[PDB]
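Scroll down for the structure; my scribbles are underneath it.
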Amino acid sequence: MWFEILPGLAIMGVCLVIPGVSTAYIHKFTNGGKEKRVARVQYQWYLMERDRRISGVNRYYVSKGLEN
Amino acid sequence: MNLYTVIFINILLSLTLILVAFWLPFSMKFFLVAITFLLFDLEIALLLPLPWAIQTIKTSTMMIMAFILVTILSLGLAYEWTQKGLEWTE
Amino acid sequence: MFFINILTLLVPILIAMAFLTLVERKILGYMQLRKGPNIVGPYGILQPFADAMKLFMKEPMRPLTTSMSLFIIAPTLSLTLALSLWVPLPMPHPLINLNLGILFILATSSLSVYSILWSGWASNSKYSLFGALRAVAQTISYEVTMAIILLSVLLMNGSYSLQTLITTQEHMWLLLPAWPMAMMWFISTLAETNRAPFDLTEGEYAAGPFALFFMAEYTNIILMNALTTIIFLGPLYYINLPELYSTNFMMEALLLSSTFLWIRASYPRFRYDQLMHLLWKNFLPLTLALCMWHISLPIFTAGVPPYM
Amino acid sequence: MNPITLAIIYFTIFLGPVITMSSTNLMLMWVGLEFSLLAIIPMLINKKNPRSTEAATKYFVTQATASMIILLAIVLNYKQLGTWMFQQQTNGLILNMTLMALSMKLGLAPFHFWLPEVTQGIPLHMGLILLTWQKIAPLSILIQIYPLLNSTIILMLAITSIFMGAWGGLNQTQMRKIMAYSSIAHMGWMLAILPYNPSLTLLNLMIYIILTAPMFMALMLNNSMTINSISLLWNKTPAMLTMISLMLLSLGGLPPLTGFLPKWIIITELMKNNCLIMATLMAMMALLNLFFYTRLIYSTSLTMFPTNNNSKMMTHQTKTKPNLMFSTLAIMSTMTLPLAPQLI
Amino acid sequence: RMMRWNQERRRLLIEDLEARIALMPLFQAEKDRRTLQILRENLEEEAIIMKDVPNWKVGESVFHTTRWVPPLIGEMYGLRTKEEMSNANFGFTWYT
Amino acid sequence: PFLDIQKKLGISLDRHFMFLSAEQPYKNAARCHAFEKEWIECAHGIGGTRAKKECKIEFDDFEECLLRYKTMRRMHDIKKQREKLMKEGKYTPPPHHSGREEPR
Amino acid sequence: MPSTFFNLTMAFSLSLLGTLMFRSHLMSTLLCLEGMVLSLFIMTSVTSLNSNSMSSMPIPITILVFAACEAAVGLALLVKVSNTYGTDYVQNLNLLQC
Amino acid sequence: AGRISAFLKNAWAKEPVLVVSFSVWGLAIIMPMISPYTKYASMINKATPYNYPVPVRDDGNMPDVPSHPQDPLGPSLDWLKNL
Amino acid sequence: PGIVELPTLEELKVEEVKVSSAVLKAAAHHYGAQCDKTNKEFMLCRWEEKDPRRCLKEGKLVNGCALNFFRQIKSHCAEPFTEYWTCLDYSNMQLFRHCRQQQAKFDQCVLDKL
Amino acid sequence: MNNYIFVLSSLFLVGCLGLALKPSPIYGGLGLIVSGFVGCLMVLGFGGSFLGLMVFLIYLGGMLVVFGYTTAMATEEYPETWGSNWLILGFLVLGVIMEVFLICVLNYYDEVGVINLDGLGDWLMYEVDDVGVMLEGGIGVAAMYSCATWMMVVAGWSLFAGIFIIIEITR
Ligand SMILES: CCCCCCCCCCCCCCCCCC(=O)OC[C@H](COP(=O)(O)OCCN)OC(=O)CCCCCCCCCCCCCCCCC
Ligand SMILES: CCCCCCCCCCCCCCCCCC(=O)OC[C@H](COP(=O)(O)OCCN)OC(=O)CCCCCCCCCCCCCCCCC
């Protein structure tokens, strides 16, 4: 009956869900538990390069804070 | 570098599939259509920068010019219509 | 990590196409009062692999009067575009975060005419060239509205980026407004993908090329429905729940891709002349009118959006 | 062709040169040229015959290549100076490429081979425009940059144009090719005097226009596109000879007639500038234009050729063609030497 | 609803740009000091790199203006690493 | 131009975005704004023959700031001498040029 | 910049060479014309982006529009030539020599 | 009135699409003059600070310009909030 | 012709902030009111006198009066600020729309202790 | 990656050379498509996002498309063209090598002049606002609607009148 197309619908649904959460997790992993910073203009790129330069390990996502 | 990688990967995959495939074993109407499509695609080119034009101060001017564009495009369409350019009855 | 992300993006969409074939067959069967595939595997989940093996194991009878170059680079191009379209899609975070992403979609979609035309010019005949010219004209014509609809709907979010529509629909879908623009967008996706009732090009290739064309077709189907979901049916985005966004996006895209097949089983075909009259006399007037309406709306309303 | 189409095409034909002359931006000048081309082609091809199609194709290709070269010149100047206008600092090669392109747009030699073919394949009211109204924008672009041009190549082009125009008109038996070569010659005179005084280029331009328009109208009176067809004018319409002869002599440049003054004053300026050898060559080779204009004055007004019979019924019929502009322009072009100090 | 939402979006954009405003001075001073130090390093190197050449004034401007002329990124990262040059040119156009 | 109907009617269709020193949309400065401004302001009122000779220092400055041939040549001479010295073993690059330093 | 501009100018020159040298077709000349158009578009956009002169970006757009119109009328003329003779050849336009 | 209204009903029956297109055209060209919320668009797009507000010298005679962001002598767009 | 003039390395040497973008952004709206005068003076020098080499005496004061701000912040009311900018740095556009209540915490804390 | 834009410009050169040499109206279309792809790539390298994507979506998707369309419907491939195609492919090879020698001689004759091979990776970007928003290319191409409305009316009129012109030419 109509409930025999689900074995395929759910397969396709899982295959369509994988990309999103995979990309999100990989971003959080490669960028220090934070989102991947976007750069639509030069100001954000400048902020990013500046964070990278002050890190001391050449990585924009190593936030330093007040301690330094 | 990332876009390059992705497109290269896709091309490689396509060529690999199509290799495995082998290794396992006159009417003027269409021309007029193309021309109309040109004259509308160039209008798209002139129309695309509206998301940046509507951020300006001269709103009374952008309103005007966009209306001019759309109106005269519609008029050209109507004329191509009246003159039996959208018929296909040879 | 990036190559791993690319794999995670590519493999599942191909699996999803291969199983969308089966879903189509089963749905059409149950709408025709029959089952569809049941045997090869439990409920048929092996039939697509069986068909792939069969095709790729056949023997290619390459037309003798032809050109190998245009014979090989047409399906290569089709699949390359059908895969590179899925790249910028925010689901919710994109593999490649582009500005002007919808423009990249427009262009990489409009680039398929070249293959759908080179195949015909390669096949040395006149009937195939007739069919190719007609299909090219159809696709071309509907690209116009496919572009203007977005040109008018991207003024509720002042940017050509796909990662802005999430916050644009953070409170309400872009369907309630522009439901007349969707109804015209939902259809140009059929005619663009030569999908019934706009299949006047498949209603002349070896196993492998036919398979690549099939893959491209169904991939483009899923992607067009995904664009519909992202634009006119903005799903939920709680900053901490990309899982939620992806679940909802999947659900809506499956709804839409099943609607396509609903339609294929429900309606007859069109006649090329009437198909072109449809656009050039019903969709283009309304499209231009609503374009002017949506250029004026953000003005006589103070709701003109930002440029971030 | 319906009124709306006519209006749009002719408004474009009119707007092209107007933008060219009223714009400071070379891009807008180029725009005007493109308008002119786009809106001229359909009128050429109206009849839809092989000859008209071929003429249209030749015109399109030539003018499009020329426009591309002009736009290259503009882009190079833009990369060189940041401005969209030629100054006193542009690499002379840019300006010489521009001059080659403008010369091919006009029809100067050795960039002239297309003009007679096109004019022949084209009807009369279209040759009129092509040879009078389509010389004003490309000449304006030059008038705007006359201080920074190359007299050497300008004079070579002008003298080549004089020579080839004479040696073409000597042979052609077709009204339209004769007019084409006359245009070539007068445009050569213009270019010659340009870098020293452009007011005289404009003088000769208006003189040549006043002299050409009424001639094409005379022809269109009977659609006499040939010598043996215009010879019957003594039986068809003999009240036009007294003026065809005078206008042809003026074109030739005979002293007592308007058409003289251009050559005379241009030679004067060239003498003030010590271009006497070139002025002499040109003045001696204009006599061939005068020759093959006298050969037509003969067959038209000083001797009667064998006529035909149905010309009797042509006499029976009346006519209302030659509007007032014919007489006005012919008089202004034949009897206006006493007013030369004002036209100068 | 779209009007009432995009107006709040405008207010938020103004807030972000105001933060940018408040920050800019710090950034401009830091950038000036950075580029000045870059040019000073390049000069202090050129001094000895080009000592034995004939008729070479060390620090010779190509202008007769006497005023400040912002340097080119080529001038700055010309003696530095090619990866630095590539980050300067194809660094923002290459998706973060 | 050839027919100053624009200046007659006191309007501007094409004569406000000709050169670099003109008005840009969001006040964004162009590269050679000051050099071109100076050249124009100094050549205003003496047009042509004079400005080609007694307004030439400023045109040279504009040409250099726009085309940069002299700067290119300078940097190239420096790099050539440096390559020769490194090849022959009479000079070594410093750390910040080699690729390592303490940044700001 | 210098190198890419030199190569762009060489390409324009090559396409003009192709135009001035026919090879029995006419499409192969219209395509050279469009190559010229493309080279000029690219050079103009590149100079605009190099100088940061955002008051000159409409120029590529305009020239693209007008090149499109020129190409359209050229294609129409070619279509008529084919409709009449049977080929987009150039030896068939031997008329007007009399 | 009668003849033209019958024409409009004939249209409304035959080609509703053309009617809707033309009516949307008219609405677009007309409503921006009726609406009161129009001016606010230019007001906002002016109020957006994409650039640095370069200050000026306190040369004495300038009482209607503040010396600190938090003074009421300058403009204040509370109307945006109230919007 | 003309020997360019530059400043030495001993100078243009100052205690930088070494603080990150999210932090500067969480502290901007207060750093725009406090420490405004010595910022406007510098952004007037740098625009009147087009040379940066003529505003180092002002850029150093900028850095100093910014360190004093970030030192007041540490002395009093460090934890709300820490959590606020930690929540900010999570996003990509570093948006103020998600961290609205931690911002109220920072604001109340600073308004009470300062 | 210093050689990036140089490689792109060289590919554009080779495409325009394969145009100059005239294989056929279809392989010429393919050459045009390649050259346009490369032109967009180099425009993006120079920062022209909008310009390059517009090239993509209009020049290729709109112009070369109708070029190939009109070609197929109004052109016939004759058998002779194949031997001559191979001949002009060899011609193309020879031209490539001649261009290489040309570039070598020009580098030998002008170090910092025609092409600064030493400074290849340099002299691509001269200046840029680092802390600046609102400096993309759309901000300029959208000037048309506020300043330079003259260009917009010009272009719209060209397109408008093209309709009448083409209907009258084809008819
Ligand atoms: C034999 C079979 C042949 C079939 C081949 C078919 C291949 C076609 C594949 C589809 C074509 C895709 C077109 C790619 C255009 C990229 C447009 C784009 O948006 O990239 C711009 C990118 C980001 O810039 P932006 O978004 O403006 O802002 C970023 C600031 N954060 O900034 C950048 O510029 C990124 C660098 C550009 C990368 C583009 C590379 C595209 C893929 C290259 C394909 C090469 C194929 C082989 C050669 C083709 C023929 C010569
Ligand atoms: C003062 C200072 C001097 C300055 C230098 C002066 C330059 C020289 C002046 C040259 C003026 C004439 C030159 C052109 C000669 C024209 C030849 C001509 O018209 O005669 C031929 C023709 C004969 O026609 P046919 O068929 O033989 O029989 C008569 C029927 N009309 O004749 C015709 O058919 C004519 C048309 C008939 C119209 C009816 C008759 C009305 C009169 C028309 C002729 C007017 C001529 C005016 C002469 C004034 C001379 C100054």
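Just so we're on the same page: first chain in the structure tokens is A, next is B, and so on; residues restart at 1 for each chain, and ligands are numbered from 1 in the order they show up.
Using only C-alpha atoms, we find that the part of chain A lying within 10 Å of chain F comprises residues 50, 51, 52, 53, 54, 55, 56 and 58 of chain A.
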**Message:** Show me, as a PyMOL selection string, the residues that have an atom within 9 Å of segment 88-91 of chain E when counting only C-alpha atoms, minus same-chain residues fewer than 2 positions from it.
**Reply:** (chain A and resi 45) or (chain E and resi 73+77+83-86+93-96) or (chain J and resi 1+45-46+121-122+124-125)
**Prompt:** Using only C-alpha atoms and all ligand atoms, what are the residues with an atom within 7 Å of ligand 2, set out as a PyMOL selection string?
**Reply:** chain D and resi 234-235+238-243+245-246+256+301-302
**Shell of 8 Å around ligand 1 (only C-alpha atoms and all ligand atoms), written as a ChimeraX atom specification** = /A:38-41 /B:1-8,11,15 /C:72-74,76-77,80-81,84,97-101,104,107-108 /E:92-96 /J:11,34-35,37-38,40-41,44-45,47-50,52-53,56
Include C-alpha atoms and write out the residues we just selected as a PDB file, in the first residue's frame.
```pdb
ATOM      1  CA  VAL A  38      32.009  35.312   6.275  1.00  0.00           C
ATOM      2  CA  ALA A  39      33.557  38.226   4.382  1.00  0.00           C
ATOM      3  CA  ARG A  40      31.102  40.077   2.153  1.00  0.00           C
ATOM      4  CA  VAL A  41      33.249  43.240   2.172  1.00  0.00           C
TER       5      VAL A  41
ATOM      6  CA  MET B   1      41.085  27.443  -4.535  1.00  0.00           C
ATOM      7  CA  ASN B   2      37.993  25.718  -3.225  1.00  0.00           C
ATOM      8  CA  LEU B   3      35.738  26.473  -6.190  1.00  0.00           C
ATOM      9  CA  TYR B   4      38.512  25.263  -8.486  1.00  0.00           C
ATOM     10  CA  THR B   5      38.801  22.033  -6.500  1.00  0.00           C
ATOM     11  CA  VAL B   6      35.058  21.381  -6.591  1.00  0.00           C
ATOM     12  CA  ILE B   7      34.649  22.009 -10.320  1.00  0.00           C
ATOM     13  CA  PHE B   8      37.754  19.960 -11.132  1.00  0.00           C
ATOM     14  CA  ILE B  11      34.691  17.242 -14.257  1.00  0.00           C
ATOM     15  CA  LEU B  15      34.840  11.930 -17.449  1.00  0.00           C
TER      16      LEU B  15
ATOM     17  CA  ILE C  72      31.480  13.182 -24.877  1.00  0.00           C
ATOM     18  CA  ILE C  73      31.510  16.796 -23.638  1.00  0.00           C
ATOM     19  CA  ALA C  74      27.723  17.213 -23.708  1.00  0.00           C
ATOM     20  CA  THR C  76      30.067  15.747 -19.064  1.00  0.00           C
ATOM     21  CA  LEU C  77      28.942  19.379 -19.159  1.00  0.00           C
ATOM     22  CA  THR C  80      29.241  19.088 -14.159  1.00  0.00           C
ATOM     23  CA  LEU C  81      26.685  21.901 -14.031  1.00  0.00           C
ATOM     24  CA  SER C  84      28.245  22.524  -9.299  1.00  0.00           C
ATOM     25  CA  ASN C  97      29.499  31.025   0.633  1.00  0.00           C
ATOM     26  CA  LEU C  98      29.110  33.250  -2.423  1.00  0.00           C
ATOM     27  CA  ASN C  99      27.619  36.646  -2.931  1.00  0.00           C
ATOM     28  CA  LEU C 100      25.811  36.689  -6.276  1.00  0.00           C
ATOM     29  CA  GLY C 101      25.062  33.019  -5.681  1.00  0.00           C
ATOM     30  CA  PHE C 104      25.827  31.802 -10.389  1.00  0.00           C
ATOM     31  CA  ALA C 107      24.331  31.165 -15.346  1.00  0.00           C
ATOM     32  CA  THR C 108      25.269  27.550 -14.601  1.00  0.00           C
TER      33      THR C 108
ATOM     34  CA  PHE E  92      39.593  38.380  -0.251  1.00  0.00           C
ATOM     35  CA  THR E  93      38.380  37.265  -3.694  1.00  0.00           C
ATOM     36  CA  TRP E  94      39.119  33.656  -2.662  1.00  0.00           C
ATOM     37  CA  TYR E  95      36.326  32.958  -0.154  1.00  0.00           C
ATOM     38  CA  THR E  96      37.922  33.607   3.220  1.00  0.00           C
TER      39      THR E  96
ATOM     40  CA  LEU J  11      44.470  31.321 -22.910  1.00  0.00           C
ATOM     41  CA  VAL J  34      36.290  29.367 -23.763  1.00  0.00           C
ATOM     42  CA  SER J  35      37.644  32.885 -24.271  1.00  0.00           C
ATOM     43  CA  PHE J  37      34.939  31.935 -19.584  1.00  0.00           C
ATOM     44  CA  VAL J  38      38.569  33.016 -19.224  1.00  0.00           C
ATOM     45  CA  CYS J  40      35.183  36.363 -16.687  1.00  0.00           C
ATOM     46  CA  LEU J  41      37.802  34.531 -14.633  1.00  0.00           C
ATOM     47  CA  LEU J  44      36.983  38.243 -11.093  1.00  0.00           C
ATOM     48  CA  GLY J  45      40.717  38.083 -10.451  1.00  0.00           C
ATOM     49  CA  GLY J  47      37.685  42.000  -8.536  1.00  0.00           C
ATOM     50  CA  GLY J  48      34.807  42.354 -10.993  1.00  0.00           C
ATOM     51  CA  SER J  49      32.293  39.956  -9.465  1.00  0.00           C
ATOM     52  CA  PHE J  50      29.224  41.562 -11.028  1.00  0.00           C
ATOM     53  CA  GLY J  52      32.147  38.636 -14.680  1.00  0.00           C
ATOM     54  CA  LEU J  53      28.908  36.966 -13.643  1.00  0.00           C
ATOM     55  CA  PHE J  56      28.570  34.624 -17.903  1.00  0.00           C
TER      56      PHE J  56
END
```
**Request:** Considering only C-alpha atoms, return as a ChimeraX atom specification whatever protein or nucleic-acid residues lie within 9 Å of segment 155-159 of chain C, sequence-local ones (same chain, fewer than 3 positions apart) excluded.
**Result:** /B:50-52,54-55 /C:99-100,150-152,162,164-165,168,174,294-295,298,303-308 /E:2-3,6
Can I get the selected residues back with N, CA, C and O atoms, as a compact mmCIF listing (two decimals), in the first residue's frame?
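Done, and the output landed in out-v4.txt:
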```txt
# COMPACT_ATOMS: atom_id res chain seq x y z
N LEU B 50 19.11 46.66 -9.55
CA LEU B 50 18.12 47.31 -8.71
C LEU B 50 18.35 47.10 -7.22
O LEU B 50 18.07 48.03 -6.45
N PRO B 51 18.83 45.95 -6.75
CA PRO B 51 19.09 45.80 -5.31
C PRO B 51 20.14 46.76 -4.79
O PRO B 51 20.19 47.00 -3.58
N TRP B 52 20.98 47.30 -5.66
CA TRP B 52 21.94 48.33 -5.28
C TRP B 52 21.44 49.74 -5.58
O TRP B 52 21.85 50.69 -4.91
N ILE B 54 18.23 50.70 -5.34
CA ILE B 54 17.19 51.06 -4.39
C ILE B 54 17.74 51.40 -3.01
O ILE B 54 16.96 51.66 -2.09
N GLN B 55 19.06 51.40 -2.85
CA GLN B 55 19.69 51.85 -1.61
C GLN B 55 20.08 53.32 -1.66
O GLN B 55 20.60 53.84 -0.67
N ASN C 99 28.55 35.59 -2.58
CA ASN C 99 27.62 36.65 -2.93
C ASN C 99 27.45 36.64 -4.45
O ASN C 99 28.40 36.37 -5.19
N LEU C 100 26.23 36.93 -4.89
CA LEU C 100 25.81 36.69 -6.28
C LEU C 100 25.62 35.20 -6.55
O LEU C 100 25.80 34.73 -7.68
N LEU C 150 13.20 36.13 -9.75
CA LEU C 150 14.21 36.37 -8.73
C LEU C 150 14.59 37.84 -8.67
O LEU C 150 14.81 38.39 -7.58
N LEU C 151 14.69 38.49 -9.82
CA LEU C 151 15.05 39.90 -9.84
C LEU C 151 14.05 40.73 -9.05
O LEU C 151 14.42 41.74 -8.44
N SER C 152 12.79 40.32 -9.04
CA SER C 152 11.75 41.06 -8.33
C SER C 152 11.61 40.61 -6.88
O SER C 152 11.21 41.42 -6.03
N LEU C 162 22.33 33.89 -0.92
CA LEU C 162 21.37 32.90 -0.45
C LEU C 162 21.35 32.76 1.07
O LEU C 162 20.38 32.23 1.61
N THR C 164 21.14 35.22 3.10
CA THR C 164 20.33 36.30 3.63
C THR C 164 18.85 35.96 3.66
O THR C 164 18.10 36.53 4.46
N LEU C 165 18.41 35.04 2.80
CA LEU C 165 17.01 34.66 2.77
C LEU C 165 16.58 34.00 4.07
O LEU C 165 15.42 34.09 4.47
N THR C 168 15.72 36.77 6.13
CA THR C 168 14.58 37.42 5.50
C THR C 168 13.28 36.71 5.83
O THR C 168 12.23 37.36 5.97
N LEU C 174 8.38 33.80 2.24
CA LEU C 174 8.22 34.67 1.08
C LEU C 174 7.18 34.14 0.11
O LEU C 174 7.22 34.51 -1.07
N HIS C 294 6.74 45.32 -7.27
CA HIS C 294 7.73 45.04 -6.23
C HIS C 294 8.88 46.04 -6.24
O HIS C 294 9.64 46.08 -5.27
N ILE C 295 9.03 46.82 -7.31
CA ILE C 295 9.95 47.95 -7.26
C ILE C 295 9.31 49.10 -6.50
O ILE C 295 10.02 49.89 -5.86
N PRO C 298 8.65 48.55 -1.90
CA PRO C 298 9.61 48.97 -0.87
C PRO C 298 9.78 50.47 -0.77
O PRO C 298 10.56 50.93 0.08
N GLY C 303 9.77 49.93 3.85
CA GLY C 303 10.47 48.68 4.01
C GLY C 303 11.39 48.36 2.86
O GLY C 303 11.20 47.36 2.16
N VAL C 304 12.39 49.20 2.66
CA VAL C 304 13.45 48.92 1.70
C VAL C 304 14.55 48.20 2.47
O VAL C 304 14.96 48.66 3.54
N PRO C 305 15.06 47.07 1.98
CA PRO C 305 15.94 46.24 2.80
C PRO C 305 17.37 46.75 2.76
O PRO C 305 17.69 47.68 2.01
N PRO C 306 18.24 46.18 3.58
CA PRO C 306 19.62 46.67 3.68
C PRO C 306 20.59 45.96 2.75
O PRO C 306 20.28 44.93 2.15
N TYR C 307 21.78 46.54 2.65
CA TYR C 307 22.93 45.92 2.01
C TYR C 307 23.99 45.74 3.09
O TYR C 307 24.61 46.72 3.53
N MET C 308 24.20 44.50 3.51
CA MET C 308 25.12 44.22 4.61
C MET C 308 26.57 44.23 4.14
O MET C 308 27.49 44.35 4.95
N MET E 2 6.60 42.25 6.01
CA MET E 2 7.93 42.44 5.44
C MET E 2 8.43 43.86 5.65
O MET E 2 9.61 44.07 5.94
N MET E 3 7.54 44.84 5.52
CA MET E 3 7.91 46.22 5.85
C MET E 3 8.39 46.32 7.29
O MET E 3 9.49 46.83 7.56
N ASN E 6 11.85 44.62 7.71
CA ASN E 6 13.00 45.24 7.08
C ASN E 6 13.36 46.57 7.74
O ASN E 6 14.52 46.98 7.71
```
**Message:** Could you list, as number ranges by chain, every residue within 6 Å of segment 30-44 of chain F, counting only C-alpha atoms and ignoring same-chain residues fewer than 2 positions away?
**Reply:** F: 20-21, 46, 51, 58-59, 62; G: 51-53
Near residue 12 of chain G, within 8 Å and counting only C-alpha atoms, which residues show up once chain neighbours fewer than 6 positions away are dropped, as a tab-separated table (two decimals) with N, CA and C atoms, in the first residue's frame?
```tsv
chain	number	residue	atom	x	y	z
G	35	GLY	N	34.58	38.55	-30.65
G	35	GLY	CA	35.81	38.44	-29.88
G	35	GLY	C	36.44	39.79	-29.60
G	36	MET	N	36.46	40.66	-30.62
G	36	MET	CA	36.90	42.04	-30.41
G	36	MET	C	36.07	42.71	-29.32
G	39	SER	N	37.12	41.43	-25.92
G	39	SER	CA	38.40	41.97	-25.49
G	39	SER	C	38.26	43.41	-25.00
G	40	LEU	N	37.48	44.23	-25.71
G	40	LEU	CA	37.33	45.62	-25.28
G	40	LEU	C	36.56	45.71	-23.97
J	16	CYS	N	41.40	33.68	-29.09
J	16	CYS	CA	41.22	34.65	-30.16
J	16	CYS	C	42.05	34.28	-31.39
```
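If you count only C-alpha atoms and ignore residues fewer than 4 places along the chain from residue 80 of chain B, what sits within 8 Å of it is residues 76, 84, 85 and 86 of chain B; 163 and 167 of chain J.
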Could you dump the residues just selected with N, CA and C atoms as a compact mmCIF listing (two decimals), in the first residue's frame?
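Done, and the output landed in result_30.txt:
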```txt
# COMPACT_ATOMS: atom_id res chain seq x y z
N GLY B 76 7.21 47.30 -26.69
CA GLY B 76 7.85 46.52 -27.75
C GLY B 76 7.27 45.13 -27.86
N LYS B 84 2.05 39.87 -35.36
CA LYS B 84 2.08 38.42 -35.55
C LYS B 84 3.52 37.89 -35.52
N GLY B 85 4.17 38.09 -34.37
CA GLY B 85 5.51 37.57 -34.16
C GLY B 85 5.55 36.48 -33.11
N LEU B 86 4.38 36.10 -32.61
CA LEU B 86 4.24 35.10 -31.56
C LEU B 86 3.13 34.12 -31.91
N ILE J 163 13.74 45.92 -31.88
CA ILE J 163 12.57 45.10 -32.20
C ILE J 163 12.06 45.45 -33.59
N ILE J 167 12.23 43.10 -37.05
CA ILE J 167 11.01 42.68 -37.73
C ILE J 167 10.99 43.20 -39.15
```
Using only C-alpha atoms and a cut-off of 7 Å, which residues of chain A sit close to chain J? Please list them as an mmCIF file with N, CA, C and O atoms, in the first residue's frame.
```
data_model
loop_
_atom_site.group_PDB
_atom_site.id
_atom_site.type_symbol
_atom_site.label_atom_id
_atom_site.label_comp_id
_atom_site.auth_asym_id
_atom_site.auth_seq_id
_atom_site.Cartn_x
_atom_site.Cartn_y
_atom_site.Cartn_z
ATOM 1 N N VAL A 41 32.573 41.997 2.500
ATOM 2 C CA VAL A 41 33.249 43.240 2.172
ATOM 3 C C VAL A 41 34.644 43.206 2.785
ATOM 4 O O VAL A 41 35.023 42.253 3.470
ATOM 5 N N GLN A 42 35.414 44.263 2.531
ATOM 6 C CA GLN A 42 36.809 44.298 2.951
ATOM 7 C C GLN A 42 36.966 44.535 4.448
ATOM 8 O O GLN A 42 37.993 44.162 5.024
ATOM 9 N N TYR A 43 35.981 45.163 5.089
ATOM 10 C CA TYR A 43 36.069 45.432 6.521
ATOM 11 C C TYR A 43 36.187 44.138 7.317
ATOM 12 O O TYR A 43 37.027 44.015 8.218
ATOM 13 N N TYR A 46 39.506 42.562 6.895
ATOM 14 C CA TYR A 46 40.509 43.242 7.706
ATOM 15 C C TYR A 46 40.437 42.779 9.153
ATOM 16 O O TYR A 46 41.464 42.481 9.773
#
```
**Request:** Would you please give, as a ChimeraX atom specification, all residues of chain J that DSSP assigns to helix (DSSP H, G or I) based on the backbone?
**Result:** /J:4-20,27-45,49-73,81-109,117-119,138-141,143-145,149-170
**Request:** Could the residues of chain H within 9 Å of chain B, counting only C-alpha atoms, be given as number ranges by chain, please?
**Result:** H: 25, 28-29, 41-46
**Prompt:** Got a sec to pull out which chain F residues are within 8 Å of chain D, counting only C-alpha atoms, and send them as a PyMOL selection string?
**Reply:** chain F and resi 1-6+14-15+18-20+48+52+63+66-67
Please save C-alpha atoms of the selected residues as a short mmCIF file (atom, residue, chain, number, x, y, z; two decimals), in the first residue's frame.
```
data_model
loop_
_atom_site.label_atom_id
_atom_site.label_comp_id
_atom_site.auth_asym_id
_atom_site.auth_seq_id
_atom_site.Cartn_x
_atom_site.Cartn_y
_atom_site.Cartn_z
CA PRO F 1 32.15 69.43 -28.11
CA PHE F 2 30.84 70.33 -31.56
CA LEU F 3 27.40 71.66 -30.54
CA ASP F 4 27.30 72.96 -26.96
CA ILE F 5 23.57 72.51 -26.48
CA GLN F 6 24.38 70.95 -23.11
CA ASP F 14 27.73 63.13 -20.03
CA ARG F 15 30.12 65.72 -18.54
CA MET F 18 34.57 61.88 -17.45
CA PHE F 19 37.71 61.62 -15.32
CA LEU F 20 38.92 60.20 -12.02
CA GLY F 48 45.97 73.43 -24.76
CA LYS F 52 51.13 71.04 -22.68
CA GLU F 63 51.25 59.69 -15.58
CA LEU F 66 48.56 55.98 -13.00
CA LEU F 67 51.00 53.87 -15.03
#
```
**Request:** Identify, on the basis of only C-alpha atoms, every residue whose closest approach to residue 163 of chain D does not exceed 7 Å; exclude the query and any residue fewer than 4 positions from it along the same chain; express the result as a PyMOL selection string.
**Result:** chain D and resi 159+167+285
Keeping only C-alpha atoms, write those residues as a compact mmCIF listing (two decimals), in the first residue's frame.
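The resulting out_25.txt:
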```txt
# COMPACT_ATOMS: atom_id res chain seq x y z
CA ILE D 159 44.98 63.21 -52.55
CA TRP D 167 39.50 57.92 -62.21
CA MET D 285 42.97 66.53 -61.00
```
